[PDB]
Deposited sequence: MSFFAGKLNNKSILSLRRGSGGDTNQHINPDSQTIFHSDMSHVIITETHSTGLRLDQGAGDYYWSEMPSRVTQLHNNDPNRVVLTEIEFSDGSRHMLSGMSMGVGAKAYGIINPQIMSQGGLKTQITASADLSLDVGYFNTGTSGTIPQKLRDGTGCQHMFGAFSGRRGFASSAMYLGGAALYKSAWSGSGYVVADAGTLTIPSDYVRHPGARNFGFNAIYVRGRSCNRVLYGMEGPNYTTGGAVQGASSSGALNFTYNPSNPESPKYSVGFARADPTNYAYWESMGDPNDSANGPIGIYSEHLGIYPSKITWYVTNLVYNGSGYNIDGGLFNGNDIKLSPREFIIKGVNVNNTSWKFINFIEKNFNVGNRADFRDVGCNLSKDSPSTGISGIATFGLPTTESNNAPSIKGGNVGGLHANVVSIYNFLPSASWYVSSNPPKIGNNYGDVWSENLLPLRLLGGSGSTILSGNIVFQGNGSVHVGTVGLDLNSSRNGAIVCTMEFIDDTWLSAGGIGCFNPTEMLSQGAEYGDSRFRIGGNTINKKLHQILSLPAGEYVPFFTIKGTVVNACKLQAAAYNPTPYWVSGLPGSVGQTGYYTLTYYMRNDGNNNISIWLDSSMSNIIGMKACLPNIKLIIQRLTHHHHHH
């Protein structure tokens, strides 16, 4: 029972249909079937670039565009707003995602119903009363937190509970995805807007080709009741998307606006799916033109940093561990330094599944207060492994801090550790991310990055209204304090058959956050000849 590649389907990467930067191509019918109708089959995707660089997808990635404000005049009113934009990819540093070609529009527009789509979440709340804290009602309504700070609780029966079928996830297999897009940059941390859907309006998402728009507008006729709204929409990842009459006027009191994506400098040109005979059963794997996997096509597999601390203090982009067309590991692009690229060996004419598979559920809400790693989990089982990131709960888009958990819990002066999700209902969507990973002894292998550009907005640059400083020491001049963070999950080989999981955060202008671990059913089977 050796790990071999039975089928290998390659294709080019087109740029038509207004893609611009999304190098896309329809997956082969066999690859489409194995990605949607046969999720439990470990197929390795390899991206070949215009420079000859070869890279294998390994690990998830994320990008948020959170923007929160808490203006309040204790005699007149109080207003809140939280506009997040979660875009995720199927590769650690590339922007790899799947979409259905049947959707009408350009290639970025086609992504509105595929993965790599900016899942925007909005919560506009407020009240015209004396010493009202209805600024924090949007956080209570949008985020399903047990509790961490102080304020209001909005029951799930009242507020908006997004169905799990309405949020696309890179590696979602229950959907129909017959095309794949790969962009040389990272996930689009599209930062725009500060408020959820506007009540007394239609609630339509004006600005980008949105889809799956869900709104819950609480607009009672009583003028002395805290009105709020919650909105979710899947929109264009390359365009500013906002709710009607709630655009971002780009003031100095509101931070910048932009579709942030840190380019690695490489341009994809070919995609190859290596259909291994590894079938994932749920607690490991079982063995079911013919290529074999070894540790002579050397394909870059992952990165192996000596220490989890990137030491960048901000958006810490990891370079893509590529391999030139001369069988030599290298790293292209990236901000973090010191990484070592590890390469698999694929050849056509024999590593075998080692008995014993370890699995863990990365559950918990680790509260961060500055750049520093933490041991967030362990795996109970050479450093050659095959890993599947099974998301049993739709909290992957709640992973990452600041605008993804509840940007009103930072006010509390204690360790929150509160279960603050995004209110995503059910888990009726198969979310699986198969990947082969090399784990050098002692070195840390990242497999999940949550690079996030956030702004603590101030709405008004006026002395009457005091903006609430959520994740900053203060808001001098009532200007939006742009922040950055690069929450990264590292998989390290301890050497005693214990694959420890380390989460490292790299903040900038952010005092701290809560990073809800995304309930990943991490399943590792060590393979070695």
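Absence of C-alpha coordinates is noted for several segments of the deposited sequence, namely 1-40, 329-354, 362-373, 428-455, 488-493, 642-646.
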